[PDB]
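Letters go in sequence order (proteins before strands), and every chain restarts at 1. Every number for a ligand or one of its atoms is a count from 1 in the order of the listing.
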Amino acid sequence: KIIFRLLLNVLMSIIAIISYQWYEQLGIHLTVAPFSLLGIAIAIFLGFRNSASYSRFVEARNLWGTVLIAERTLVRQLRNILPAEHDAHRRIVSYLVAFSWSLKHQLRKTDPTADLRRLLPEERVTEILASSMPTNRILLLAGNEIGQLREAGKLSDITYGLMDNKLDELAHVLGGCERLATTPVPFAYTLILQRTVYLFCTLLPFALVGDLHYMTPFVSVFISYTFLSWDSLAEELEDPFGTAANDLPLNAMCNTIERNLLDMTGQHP
Amino acid sequence: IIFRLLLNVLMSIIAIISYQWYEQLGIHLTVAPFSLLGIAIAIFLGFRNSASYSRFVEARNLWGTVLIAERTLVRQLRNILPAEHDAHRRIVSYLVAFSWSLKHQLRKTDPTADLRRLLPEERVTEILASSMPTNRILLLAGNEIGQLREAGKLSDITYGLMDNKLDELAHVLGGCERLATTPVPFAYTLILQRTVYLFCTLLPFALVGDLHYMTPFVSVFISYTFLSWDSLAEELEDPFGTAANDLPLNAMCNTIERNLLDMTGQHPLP
Amino acid sequence: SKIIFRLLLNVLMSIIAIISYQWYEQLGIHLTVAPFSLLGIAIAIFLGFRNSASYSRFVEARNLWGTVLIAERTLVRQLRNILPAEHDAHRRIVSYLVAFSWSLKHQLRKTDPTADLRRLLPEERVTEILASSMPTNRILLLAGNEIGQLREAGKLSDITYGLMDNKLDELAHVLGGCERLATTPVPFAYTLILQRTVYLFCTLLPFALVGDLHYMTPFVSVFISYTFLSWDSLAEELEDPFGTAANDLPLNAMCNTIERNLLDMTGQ
Amino acid sequence: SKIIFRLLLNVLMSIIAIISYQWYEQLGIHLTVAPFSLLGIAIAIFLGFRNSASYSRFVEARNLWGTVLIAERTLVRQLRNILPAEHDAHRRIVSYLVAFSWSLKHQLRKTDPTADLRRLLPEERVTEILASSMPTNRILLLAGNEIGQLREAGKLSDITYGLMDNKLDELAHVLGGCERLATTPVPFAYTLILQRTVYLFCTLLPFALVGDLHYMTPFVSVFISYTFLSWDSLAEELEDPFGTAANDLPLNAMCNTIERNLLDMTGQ
Amino acid sequence: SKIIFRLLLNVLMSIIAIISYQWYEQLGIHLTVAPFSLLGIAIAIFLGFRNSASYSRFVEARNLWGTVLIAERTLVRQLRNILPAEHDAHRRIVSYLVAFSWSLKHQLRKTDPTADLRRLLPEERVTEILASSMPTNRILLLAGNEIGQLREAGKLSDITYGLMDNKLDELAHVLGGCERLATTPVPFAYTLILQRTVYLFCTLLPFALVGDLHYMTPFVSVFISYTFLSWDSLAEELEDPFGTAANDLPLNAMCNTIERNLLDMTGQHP
Ligand SMILES: [Zn+2]
Ligand SMILES: [Zn+2]
Ligand SMILES: [Zn+2]
Ligand SMILES: [Zn+2]
Ligand SMILES: [Zn+2]
Ligand SMILES: [Zn+2]
Ligand SMILES: [Zn+2]
Ligand SMILES: [Zn+2]
Ligand SMILES: [Zn+2]
Ligand SMILES: [Zn+2]
Ligand SMILES: [Zn+2]
Ligand SMILES: [Zn+2]
Ligand SMILES: [Zn+2]
Ligand SMILES: [Zn+2]
Ligand SMILES: [Zn+2]
């Protein structure tokens, strides 16, 4: 809907053109210089803001990359260290796959019930849904699988530890994503910028008309487009787990993770 | 902040009525020098705000680590010692006490009620007697893990896995303390703030020659932009400070407590 | 560089601006420099921040590849220090580590890894690796099998097994990092906004300059265009670090360095 | 603040500009604001990036010192948790850890650590530490020996020995980091460039403003100068973090805090 | 710094602008300040980012070298703490660690490491190291063999071997980090764009300023030129942190410091 404010800006320019006649007869003067000062200041602030928004997006993408890496290596360790424990391989993989989908639902604020039931027995589904953090309970359940292998003497404390480390890595991902989801960049940044950029763009033609006359709408819309484009891009990057164009394709990412883990456990889709 | 905008409107009205006597004295104010001054100030505000934002982000990262480390420690205790519930409860109590005590320390509020709610009075007295109560809580959590080791319930290896988590917490405590004693700039920030203020108040006098009656509208818009950006950096620089929003810190301490009670079967109701 | 075309086009736009400046008043068009200074400075600021992001992405790609060389060197060092007599195991693992590098290279370039793999590995494993949808990952799994067997045979203890397992983790992070950089680009809306904005700005500029500069319009306009276009195109080249373009990573040379290193450390 | 001298000098330059503005035309000399806006903006940008480097360096220094407290707190926690009955060992190790902090402070301040060391350690150990060309590093060695003896006596296993040795490693990173910051400044050519341009800019400024401002020249010229100088001086204050001045790190108080923490945790 | 030539050259361009400003109309040349303010500000922004990127490479390079000192100190400390009586092993390992630093320096400076190697190690080892296409890597391998042999002889357990092995890994990361900075420069089109652009801008500048500044043209033009040229050449110097220029790393002094540390008092420890 950025196109709406561009069209609206064209209308404000036309108002600026038709009312420029009555400018002197009202006592209003508007030069370009003060608006260059204001405009450059806003651009500087948009530049820094946009940079921060991009960094949050990059970090979110990084965290999701770590899910894939840590889950691959955990399965790799299980196969290298306990090549014959295939039942354990399957149970742990189902938890690792459930973890990814559940993380996705947590970040999207959606119901993980259907995905959980496709992957896990109903008793486990109930236990997981009852927790205030189902992704955390899933890590705990995956941990019990490894813990029981340890108690049975199949894993030593050392080899248990190598795998426990991967669960710590997933916990770090969970916390990182939760931090990015609960933290926006402070609201007062968009509040300043969104209101400020819009007000600036609509007032601009009134300041340009004295110099540009009929050429006001073209130059005004070009300037507005530049500022609005840069501003709206930051808003989209600030919410990496959202549904908007340039947000993370979390569903495709979860599919990739699941396909990887079924590839390493001899299963076919 | 709304007050200085009103003050800026007041300065504009003064600028408008007094612009008359300007020539008969020889005083001039053009836009170009204030354009120079304004852009330089905007540049400095950008860099300043960048540093402030960096401090805000680190504060959230440190707090994110409390939640991560405490979750995994409790996970390890269940996976490695599933039957040691007395130990689970005592350790959970210390970890929860650690979070609340850390919050109170950074906010300079009294941690007594949270401590008495969570721990036996003997320990509360010991903790309150220390000049570093949050560190003492980590020490007490360490004793719990250490006792399990002497009892032969943890090996040196599995002890080590849990000890690492207490280390993550010590790093959080030190990092927050460093962030609290901060700021880095030696209150040269006060200068920078005043500079923005003087600029906003002198501005209508520099614009009035060009803008005339339209001066207060344009002058207040520009002031609003600079003052807002300045106050945002001020808020970001002091994430644990005197005039800060307590909702996330409170939400985090509540979140970790709810998680750990969930992980130890203390929730739901039987 | 096809920038020379857009500069020549800019020279043409300037001459048009010069000859048509006559009809400016008779059309009602006024163009001053001040609004374009505002727009130009805004574009420069956004280009600066964008170029910064492109550079960092290029730098990360570079770092990831540096890690391949480091991790593979130390894994081989550990094998020699810990199991100096196990040369059969050395040779097998080295072939897997070298194959990992080439396979990663081919994957990022979207080229066929077959000859490099057949040169390094027996055909039996090659078919197995190529049968997977994630061949580079399958190679790490196979390298892991070698180390796991040394452990089961009692040649490695759990501790020394762990020391080497850590290096395989370091390689897994590299694989994930590179894949992330390959699938996730700097968002395409950075390019669209900036390319449209920079090009339109450069072509409209002489029409705004002509009133002040007159005949001097094309020289000053092309200089400004060149400055913006050069900086913009630099970001384009940095944004695709795994590509074939001259200012891209010398991945072929890097893989050769890695292979020469690992055969140097094994008397090969 | 000796910034006031440069402001007073700036007031004088403004007065000269006002009274000498008459002979401006009779010489053919003009100074407009526009070129000084360009120059001023460029200088502001470079001052920004520079202060950014000065700031990061000061922050790192504070970070390094923060780590001393964390690592020493945890080492003592480990000693209590793992060896609750070994109080003699607790005291000896604590005295080395406290000595390490004071010795680091003296090294960075280039002061004599002898009195602090004698307060903490037996004279034999003091002699041994001071005989070294790197006394703070030698203190880490001695702390490692205490831990090493516990390992040899069987009170620490290799695992628990390793847990504590890791903390000595963190301290080694602090020592090297501080030494690196002490010898490596923000490069001097940044300060030299900036110092030369900022001073010249502020003194030339009133001559460039007088044509526009007339009688208001000293007030606006001083405002602008104060703004650049305040920002420039901020770097000056951040650049010497290990010094004694009021805006430098309170290393003495920091060392006292470290010592009080460690004696709180050992019942002293 | 060859900036002094281009500054003097810029003064000449100003005098040309002053003497030819009358003839501007008779040639059809008009040049205002506004377009050059736009162009100059864009260049300053780009120079700012470029210099920031150059400084970061410098900082990383200094950090990698700091790690050599740290990792080598702790490796020697560990050897003294864990195997206090193995002085023959201490000496051999220290000589490899010292050779590693000097060999790294020569590799980055593209100089011959032969003399330094012969000074520190027996000739048999020198030939083995010189025979490798990567001598610094071969030195780490030899330092690793020493540790590996202590392990095989039962003097180190797998655990204590691992503690020392970690430090050799830390050194491998330094070697790789330095090679990455050395084999890859910032892209060569950074140097090309900016140098041509800054120079062309500075020489064209007086022709645009003279209409405003008249006789003051050479002074203001050279001032602006000095600011842009200095910032540009400093960035060029920092991008090559292993080079010989004055703002580059004192690698020789750093290697001497490392050598003096590890050989502090005839290698004698308590
Ligand atoms: Zn990992
Ligand atoms: Zn299986
Ligand atoms: Zn952790
Ligand atoms: Zn329990
Ligand atoms: Zn609950
Ligand atoms: Zn490594
Ligand atoms: Zn071999
Ligand atoms: Zn064989
Ligand atoms: Zn093929
Ligand atoms: Zn630590
Ligand atoms: Zn004690
Ligand atoms: Zn000082
Ligand atoms: Zn280290
Ligand atoms: Zn010795
Ligand atoms: Zn003249």
For the Zn ion (ligand 5), the nearest N/O/S atom on B/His267 is atom ND1
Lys/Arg cation over aromatic B/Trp63: A/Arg179, 6.0 Å, 45° cone: no
In B/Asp262, the N, O or S atom nearest to the Zn ion (ligand 5) is which? OD1
Does any donor atom in the side chain of B/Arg78 or A/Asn144 lie under 3.5 Å from an acceptor atom in the other side chain? no
Test C/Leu97 against every option in C/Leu120, C/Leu140, C/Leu171 by the side chain to side chain contact (heavy atoms under 4.5 Å, CB included) rule and name the one that passes. C/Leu171
Under a 4.0 Å N-O cut-off, is there an ion pair linking B/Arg75 with A/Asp168? no
For the Zn ion (ligand 2): the N/O/S atom of A/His86 at shortest distance: ND1
Shortest-distance N, O or S atom of C/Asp88 relative to the Zn ion (ligand 8): OD2
From the N, O or S atoms in A/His89, identify the one nearest to the Zn ion (ligand 2). ND1
Strictly by modelled atom types, are C/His90 and C/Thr266 linked by a side-chain donor-acceptor pair under 3.5 Å? no
